[PDB]
Amino acid sequence: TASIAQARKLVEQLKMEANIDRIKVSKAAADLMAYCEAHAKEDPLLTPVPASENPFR
Amino acid sequence: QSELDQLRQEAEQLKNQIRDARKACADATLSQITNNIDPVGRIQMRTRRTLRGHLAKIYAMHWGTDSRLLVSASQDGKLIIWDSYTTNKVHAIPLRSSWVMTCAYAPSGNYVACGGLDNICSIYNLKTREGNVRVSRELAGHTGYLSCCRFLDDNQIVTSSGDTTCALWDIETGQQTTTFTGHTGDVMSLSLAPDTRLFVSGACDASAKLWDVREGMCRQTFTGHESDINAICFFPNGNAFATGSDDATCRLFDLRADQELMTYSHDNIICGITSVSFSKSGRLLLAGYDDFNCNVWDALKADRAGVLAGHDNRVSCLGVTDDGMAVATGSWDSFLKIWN
Amino acid sequence: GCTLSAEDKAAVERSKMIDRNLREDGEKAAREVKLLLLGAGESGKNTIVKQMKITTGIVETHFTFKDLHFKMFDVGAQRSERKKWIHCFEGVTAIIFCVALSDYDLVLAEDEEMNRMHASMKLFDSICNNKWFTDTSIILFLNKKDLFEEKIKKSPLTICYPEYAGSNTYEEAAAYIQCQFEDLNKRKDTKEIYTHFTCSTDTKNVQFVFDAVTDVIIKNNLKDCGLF
Amino acid sequence: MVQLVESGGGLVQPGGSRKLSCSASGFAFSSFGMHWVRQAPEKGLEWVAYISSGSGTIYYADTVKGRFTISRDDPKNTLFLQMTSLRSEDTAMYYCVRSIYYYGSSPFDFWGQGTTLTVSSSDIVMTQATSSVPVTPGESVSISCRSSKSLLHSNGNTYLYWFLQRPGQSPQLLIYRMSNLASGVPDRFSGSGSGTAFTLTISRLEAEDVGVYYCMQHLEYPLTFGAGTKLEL
Amino acid sequence: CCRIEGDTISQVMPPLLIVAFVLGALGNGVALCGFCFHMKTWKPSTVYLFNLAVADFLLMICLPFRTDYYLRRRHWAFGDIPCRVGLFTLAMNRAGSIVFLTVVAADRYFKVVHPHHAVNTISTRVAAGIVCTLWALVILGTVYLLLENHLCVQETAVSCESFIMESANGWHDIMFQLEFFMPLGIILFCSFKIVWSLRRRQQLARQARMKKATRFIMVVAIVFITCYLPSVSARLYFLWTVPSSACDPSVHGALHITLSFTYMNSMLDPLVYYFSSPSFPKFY
Ligand SMILES: O=C(O)c1cc(O)cc(O)c1
């Protein structure tokens with residue numbers, strides 16, 4: 001009866017996690033790619049900016 | 001002990017059902033979709049600043065929200081707040097316990113937190129009526145070493161400890177509000193979501209968990225590594241996160257798909273990862289390594305795009321400003337560098 | 001700073017003062033002697049730290065001897081995994097390991113099969129051969145000598161070491177225990193072990209620690225001079 | 001808890017010498033720079049001297065240079081000003097002002113209750129054209145200050161300070177660096193400007209906002225105050 | 001003047017000086033390259049080695065000025081003032097290489113016999129003040145090298161020399177004897193005490209590293225003995241029987257041999273100090 005509480009809680013957690021909804025991998029990948037090219041102009045690390053507006057020049 | 005055996009069997013069958021659902025939901029891969037787009041060019045990043053003054057190994061750092069100030073923690077018993085533009089030192093806070101290995105900077109800029117082997121999270125008031133920095137609170141509810149801490153606002157902070165638990169604190173009252181349990185292993189890192197409604201953690205059981213702050217419950221569990229997880233970071237979108245382990249690999253997980261997406265590894269690399277971070281657009285993934293180097297990965301194609309090599313010891317911490325202009329690396333050689 | 005405004009120059013001056021204070025504190029802290037104290041609960045760490053100086057995770061004890069300041073750290077309260085924080089103590093001057101002679105036959109409460117002496121030997125082997133302590137001296141203390149005298153007459157040492165073939169007298173048994181502990185070191189040439197038997201010694205363990213620390217300091221000085 | 005008390009003064013024969021002292025309590029005295037600021041009767045403020053934290057840097061006004069000296073006593077938390085060859089126009093009230101300098105600090109944020117000294121018988125010019133404005137409660141008012149030289153530095157910030165002196169009291173900081181509010185100032189004061197012309201706006205004027213308003217530049221030494229602008233009912 | 005008229009010196013010196021110049025410059029250059037470019041932290045006991053290497057380098061710089069002088073039969077072909085700074089870095093850089101032999105040998109005595117002494121923990125900004133008050137007293141010692149004349153002219157050739165003959169008083173003789181003998185006593189005392197103290201460490205001695213470190217203490221002392229004894233002894237013998245020795249050609253043959261032996265101290269110092277040390281950096 002000592003180890004039955006932890007096991008019952010684990011079974012409850014597994015039951016709760018088994019009821020989550022899942023989307024297809026293609027949709028998640030496409031959303032990530034859409035975000036990646038949809039913000040490319042605002043990221044200075046891969047697109048260097050001229051030394052006029054670079055505070056670390 | 002038949003009840004224990006049947007509970008074990010039920011847990012195993014539930015795990016098998018979850019795995020089967022994940023497999024059935026898995027169609028194609030990220031690489032197959034991403035192969036259409038053109039690859040990113042070679043990344044040539046150069047050291048712009050070098051911050052000196054720490055006299056021992058540096059364990060943690062955190063950028064301010066203004067992308068100018070930052071705080072660094074060293075085991076010489078000192079917290080230093082730097083002005084990254086002029087290299088000037090703003091504050092130097094002496095620590096009661098020198099065994100600090102985490103630090104955080106409040107989003108309002110008014111407070112700094114640190115902790116370590118003393119099992120205590122200390123809060124420091126930067127804006128005082130006097131001219132000095134004072135301790136405003138000490139949180140002493142943990143039974144293991146503090147590994148990470150992150151502010152939510154001026155009154156809430158989330159900490160992770162070696163007692164395999166995470167806790168949410170009320171700073172003004174100094175009491176724990178919620179306790180997050182379930183890891184069964186040393187929790188090493190934390191990462192807050194941009195909306196602050198959720199956070200993820202990584203522990204020595206080679207698993208990652210997603211928690212709901214309001215409800216104090218574990219929603220999802222991710223298991224793809226075969227060794228201890230040392231660092232974790234949310235994707236800027238808020239629907240993904242990356243993990244760095246001691247098996248010399250990094251992985252990308254998706255919350256909605258509830259499984260792994262891509263792995264970043266190389267045969268020439270055999271050392272463990274100490275820190276990870278994302279760029280503002282999320283295209284670049286920066287990871288620190290034990291081989292004294294920091295690698296820049298292409299988050300969409302799993303192709304290395306550059307190397308930051310300016311340290312002669314282990315790279316312990318990473319950081320990218322909120323505006324994405326600069327990247328900072330700390331190291332065991334007692335130097336911080338700003339790369340751009 | 002010819003291109004700096006008055007406020008910028010004042011900020012630079014403040015940063016210079018902060019740098020000076022940091023340098024002075026760092027020089028002040030470089031003259032301290034730091035010791036990492038390890039062992040088990042019943043080994044006798046409390047007795048040793050009491051003799052030295054006449055839920056928290058780490059305890060710091062400060063004492064002085066012959067104008068030299070010592071800092072001792074006890075990490076016995078940390079029940080988490082050792083490999084995740086042991087690297088923080090890399091660079092310590094020396095390690096102090098406490099062992100009780102009288103616990104050669106007693107068994108641990110947690111595990112019946114496991115013996116206390118073999119558990120201590122396993123811990124010593126793990127710490128001595130650690131990759132963060134490949135050049136760190138070890139000071140080994142044997143803590144319960146009179147109880148060893150009492151228990152050796154009423155019980156042989158062969159119960160702990162089945163292969164012990166020698167007289168059950170105190171001297172041979174103590175030598176066998178010491179050599180068994182010292183055989184765990186593998187570097188041999190790189191690092192050395194200091195051993196000292198303690199029952200109720202008064203202001204003699206501190207002298208032993210002082211001598212070992214002096215040897216370590218001389219080695220560091222010779223490394224600094226390049227004559228090494 | 002912050003407090004600054006000065007001692008010294010009284011009637012002085014011309015050509016004599018005295019030493020003014022100020023005592024600090026309630027804050028880390030050694031971490032703050034110290035200024036002496038002078039105000040003659042029915043006249044505006046005038047900077048005198050400055051000693052840095054750690055005594056590394058010392059400046060003086062050209063009027064008092066050679067005759068006045070400034071020093072600190074950090075263990076005793078005291079500030080000194082030894083004056084020699086006192087003349088007629090040194091008769092004024094002397095204030096002691098604390099200031100701390102780092103990224104984002106607020107200099108000149110606390111003024112002491114100065115003492116009165118009576119003696120018997122290029123630089124940037126900051127100008128305020130208006131000298132008096134009649135006001136009534138509930139009305140919005142604007143105060144203007146103009147600078148001979150542009151106060152906009154190449155680092156991106158403008159060094160303009162606004163102070164208020166209520167009748168019978170010590171000056172109080174309102175706006176620092178032309179846009180930032182002080183710690184305990186209501187959100188009815190606003191500041192703005194461009195290079196050489198600056199304005200201070202007081203929305204929903206109340207009976208508490210009656211006094212003299214001074215503008216200051218902190219771009220370079222010596223520090224110069226503008227003329228006063230009095231608000232009356 | 002007096003006319004030795006001996007070509008054996010003119011045929012023996014160029015070998016020794018050429019060998020010294022060609023084997024002594026690259027080692028000191030490598031040591032200088034490694035001291036600054038290949039190091040990160042400047043703690044004491046490193047500044048003194050740097051200054052000794054600099055003194056050796058300065059000797060090597062001015063050494064070739066006399067490898068052709070002896071080839072043309074002791075003729076100073078070019079210059080009259082240039083033989084005032086050509087014998088100035090032969091008493092500035094020859095006496096600034098014996099002082100830093102007494103400094104490196106007195107710094108090792110305070111790290112083996114007095115490990116907790118305060119001198120062991122001084123900052124780099126304090127030793128920089130000692131190497132800047134010894135290296136200046138070295139100059140102050142040899143002002144007359146620039147405030148006197150040395151050229152002596154003969155029928156066919158001019159000879160510029162300072163260790164010439166007779167009974168040179170109070171300078172280039174007395175300073176010579178003191179700067180040899182006095183540092184020697186300190187070096188011998190320090191070397192004996194260091195070994196005596198280091199042998200009493202019964203458990204440190206079992207390591208071969210200690211044995212190598214103790215052998216290198218005596219190596220430096222014997223090298224210093226065998227490289228400067230002839231130079232002092234020859235001048236002493238000349239000074240004693242100077243009545244009879246009216247600049248005898250045999251005598252002048254020997255003193256030029258012994259100074260070439262002194263010139264090999266800066267040859268041997270790099271190889272003894274920097275190259276035979278595991279802890280110093282590598283040059284591939
Ligand atoms: O090194 C010298 O000072 C020196 C001086 C001489 O007169 C001759 C010589 O061969 C060397």
Side-chain angles (χ1 to χ4, degrees), chain A residues 54-57, chain B residues 47-55 64 66-72 74 78-94 109 126-127 131-133 326 328 334-338, chain C residues 1-26, chain D residues 28-35 47 49-60 70 72 74 97-109 124 151-161 176-178 180 216-223, chain E residues 125:
Chain A
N54 189 359
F56 294 99
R57 71 177 83 71
Chain B
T47 295
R48 304 286 153 124
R49 303 272 194 279
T50 292
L51 311 169
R52 300 161 208 272
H54 275 315
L55 289 172
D66 62 357
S67 306
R68 179 165 181 156
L69 295 169
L70 66 87
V71 64
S72 78
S74 182
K78 287 291 179 326
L79 281 181
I80 300 181
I81 294 163
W82 311 80
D83 182 6
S84 73
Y85 286 8
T86 67
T87 302
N88 276 328
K89 294 177 172 89
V90 189
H91 289 112
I93 297 90
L126 298 176
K127 318 285 173 64
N132 52 8
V133 173
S334 79
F335 294 122
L336 283 73
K337 292 182 179 294
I338 312 290
Chain C
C2 292
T3 187
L4 293 190
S5 47
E7 293 198 23
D8 281 33
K9 283 189 286 200
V12 165
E13 179 185 3
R14 160 183 183 94
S15 186
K16 298 291 180 68
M17 293 177 71
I18 284 174
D19 270 317
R20 185 179 67 189
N21 277 323
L22 286 180
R23 161 166 88 259
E24 293 179 353
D25 291 331
Chain D
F29 177 73
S30 85
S31 277
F32 284 83
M34 281 300 123
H35 301 255
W47 177 74
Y50 159 69
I51 182 150
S52 190
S53 72
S55 175
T57 308
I58 288 174
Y59 294 111
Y60 294 103
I70 182 170
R72 313 171 65 125
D74 286 337
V97 182
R98 76 177 192 161
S99 55
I100 195 153
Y101 301 97
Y102 50 87
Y103 178 75
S105 60
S106 304
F108 289 77
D109 66 347
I124 303 184
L151 301 181
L152 170 70
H153 203 274
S154 45
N155 53 26
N157 53 55
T158 315
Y159 295 104
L160 182 69
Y161 287 65
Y176 62 97
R177 278 192 285 285
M178 158 186 102
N180 304 100
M216 188 175 96
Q217 59 93 14
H218 210 302
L219 181 73
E220 66 193 37
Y221 284 89
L223 272 64
Chain E
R125 290 182 176 91

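Just so you know, these numbers use all the heavy atoms, side chains as well, and skip hydrogens, waters and symmetry mates. Here is how names work: the chains are called A, B, and so on, in the same order as the sequence lines, proteins then strands, and each is numbered from 1.
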Checking [X] side chain against [Y] main chain: does a donor-acceptor pair fall under 3.5 Å?
{"X": "D:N155", "Y": "D:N157", "result": "yes"}
{"X": "D:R72", "Y": "D:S52", "result": "yes"}
{"X": "B:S84", "Y": "B:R68", "result": "yes"}
{"X": "D:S105", "Y": "D:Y102", "result": "yes"}
{"X": "B:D66", "Y": "B:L69", "result": "yes"}

The test is ring pair (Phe, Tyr, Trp, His ring centres under 6.0 Å); show your working for D:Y50 and D:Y60 and say whether it passes. CA-CA 7 Å; D:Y50 159 69; D:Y60 294 103; over 10 Å; no
| query | Can you list the steps and then say if A:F56 with B:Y85 is a ring pair (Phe, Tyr, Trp, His ring centres under 6.0 Å)? | reply | CA-CA 7 Å; A:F56 294 99; B:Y85 286 8; 5.2 Å; yes
ring-ring contact (aromatic ring centres under 6.0 Å, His included) filter on D:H218, not counting sequence neighbours, yields D:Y101, D:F108, D:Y161
For a 4.5 angstrom cut-off between non-hydrogen side-chain atoms, does [X] reach [Y]?
{"X": "D:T158", "Y": "D:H153", "answer": "no"}
{"X": "D:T57", "Y": "C:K9", "answer": "no"}
{"X": "B:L336", "Y": "B:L70", "answer": "yes"}
{"X": "D:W47", "Y": "D:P222", "answer": "yes"}
{"X": "D:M216", "Y": "D:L223", "answer": "yes"}
{"X": "B:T47", "Y": "B:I338", "answer": "no"}

To the nearest 0.5 Å, what is the distance between [atom1] on [X] and [atom2] on [Y]?
{"X": "B:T50", "Y": "B:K337", "atom1": "OG1", "atom2": "NZ", "value": "3.5 Å"}
{"X": "B:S74", "Y": "C:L22", "atom1": "OG", "atom2": "CG", "value": "10.0 Å"}
{"X": "D:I51", "Y": "D:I70", "atom1": "CD1", "atom2": "CD1", "value": "5.5 Å"}
{"X": "D:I124", "Y": "D:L151", "atom1": "CD1", "atom2": "CG", "value": "5.5 Å"}
{"X": "B:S334", "Y": "B:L51", "atom1": "OG", "atom2": "CG", "value": "11.0 Å"}
{"X": "C:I18", "Y": "B:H91", "atom1": "CD1", "atom2": "NE2", "value": "7.5 Å"}

Review point. Taking all atoms of both residues into account, what is the closest heavy-atom pair of C:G26 and B:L55, and its distance?
Key: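 In terms of heavy atoms, the two residues are closest at CA-CD1, 3.6 Å.
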* **Residue pair D:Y221 / C:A6: nearest heavy atoms and the distance that separates them** =>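 So the minimum-distance heavy-atom pair works out to CE1-CB, 3.9 Å.
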| said: Taking the cut-offs as 6.0 angstrom to the six-membered ring centre and 45 degrees off its axis, would you call D:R98 and D:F29 a cation-pi pair? | reply: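 Checked: cation-pi criterion not met.
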- request: Please confirm whether D:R177 makes a cation-pi placement over D:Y159, using NZ or CZ under 6.0 Å from the six-membered ring centre and within 45° of the ring normal.
  value: no
[X] and [Y]: side-chain donor and acceptor closer than 3.5 Å?
{"X": "B:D83", "Y": "B:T86", "result": "yes"}
{"X": "B:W82", "Y": "B:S72", "result": "yes"}
{"X": "D:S99", "Y": "D:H35", "result": "yes"}

- [ ] With B:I93 as reference, evaluate B:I81, B:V71, B:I80 under the side chain to side chain contact (heavy atoms under 4.5 Å, CB included) test and give the passing residue.
- [x]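 The passing option is B:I81.
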Salt bridge (charged side-chain N to carboxylate O under 4.0 Å, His left out) pairs touching residues 11-24 of chain C, sequence neighbours excluded, are B:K89-C:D19
**Asked** So does E:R125 have more than 12 non-hydrogen atoms from other groups sitting under 6.0 Å from CZ?
**Response**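 12 or below, so no.
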